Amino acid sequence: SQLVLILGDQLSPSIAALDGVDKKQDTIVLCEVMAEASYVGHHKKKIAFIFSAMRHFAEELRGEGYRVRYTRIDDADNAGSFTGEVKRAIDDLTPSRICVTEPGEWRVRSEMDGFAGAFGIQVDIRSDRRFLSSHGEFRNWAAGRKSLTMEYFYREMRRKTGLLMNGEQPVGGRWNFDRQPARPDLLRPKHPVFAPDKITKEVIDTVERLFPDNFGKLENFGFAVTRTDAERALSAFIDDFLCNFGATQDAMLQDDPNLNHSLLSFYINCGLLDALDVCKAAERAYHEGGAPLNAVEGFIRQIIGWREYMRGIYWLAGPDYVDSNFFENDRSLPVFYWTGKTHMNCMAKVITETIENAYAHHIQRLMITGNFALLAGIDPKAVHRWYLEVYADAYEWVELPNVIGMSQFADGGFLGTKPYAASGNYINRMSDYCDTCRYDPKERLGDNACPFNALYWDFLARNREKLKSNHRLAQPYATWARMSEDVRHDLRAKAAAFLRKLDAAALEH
């Protein structure tokens, strides 16, 4: 018989490890374990989402006719780790083989690779065919390629999948349709939410009981936790938001946390939705005239371009990519990242959305909390931990390259992005956050000055030797060079006063 281990982000009835299962003889194992619930301090809603999705999936598999051994977080003999639980299951089931689909984090891969030796049993670790490119295929794509860029990889994925392809030509005559702020729109429909069912309510109470001090609030839990509801969330995106997806992609609004985003990452990343299925649904809408090409291509590029690319970079870069620190930063994460208590209105709103919802959209993760940590010279490892904890779609393979590469430039541009530093001028143009902020995005000195303004210049000045050759930063550096000595001095002093506030606050925390 086989022991078929399925991890919490592998919740698909067509996951590779299910190939060739004898339903009468084999047993599927799923386990809620403290090692996985504690490796970082996951958002309360993230733990509840994963455990509930796992419990519903176990019931889904039993309905399909599988034998399932399920370990709850609160079970008396819970062995505490994948290894412990597989050992318990071996003793129970006496299998001749273990089958498992390859995982999404170095830490878990290391643990899984230890099974064969630990148990003296054959362990078949299967390639995860939910991704378009295997580890070997990405490595060959990268080989001899001195400059890795998503643009190049994306073309390969378009060709491989045939998405938006007219034979060998991209639909519409260009590969990429690639920005404006949005206006409040009370006619934009609400995104779908799903009321907690019996299983979910029990999970929620358990998470509060066992993880009472974890980041985040559980109130108004509304994630889909079943395959059907995840598909309803997809349908809602196609029907209500996709047509405007491109138009508002980089916009931010105080009173509109979701805008035209899909809010599907949580489901795609744990197996409740399939990345390719999602892209195909968008493509079908395009051909029915339901959305313009810029919206549909924009959407598909984020999934078969960015998402796939980040996975490839993560595995190519190796476990010590997490130690990337191009700017040699050592500042701790500010405490307001945990509380949302800051006079910077943009930061307060984004962090509050994060506390309440375990979600923020891309340009918030990049240009608000990401940009701030970049400019404030935060230790990239501290930034990584926070992003991995606080979002219900976060797993190391996807979070880490977004943090180290795209946002923090802590890899010095390995994954092909350019530094995203921006001042209050950017945030004022792309959001309405400044409208109710105590600071003035037009001012750089004085008590009313937006903190991002002097910080932006200080970031460029302190890192000039490493960044001066960067083409994106040519104009800012030329502007800096034309500033008088006193102007430069005063900007750096203003930034230093703010960084001193951070450093003084960190000491007591």
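The numbering used is simple: start at 1 and walk along the sequence shown.
Unmodelled stretch separating residue 178 from residue 179: 1 to 3 residues (count of deposited-sequence residues without coordinates). Comparing the deposited coordinates for 99-107 and 192-200, the stretch with the larger average C-alpha B-factor is 192-200. Here 472-480 and 453-461 are compared by their mean Cα B-factor, and 472-480 comes out higher. Per the deposited record, 147 carries the highest C-alpha B-factor of all listed residues (302, 147, 371, 364).
Note on the listed residues 238, 375, 121, 388: the highest Cα temperature factor in the record is that of 121. In the PDB entry, a CA B factor belonging to the lowest third of its chain's modelled residues is recorded for residue 44. Residue 17: CA B factor in the middle third of modelled residues in this chain (values from the PDB entry). When the CA B factors of the chain's modelled residues are split into thirds, the value for residue 331 lands in the middle one. Ranked by Cα temperature factor within the chain, residue 438 sits in the highest third according to the deposited record. Split the chain's modelled residues into thirds by C-alpha temperature factor. Residue 323 is in the middle one.
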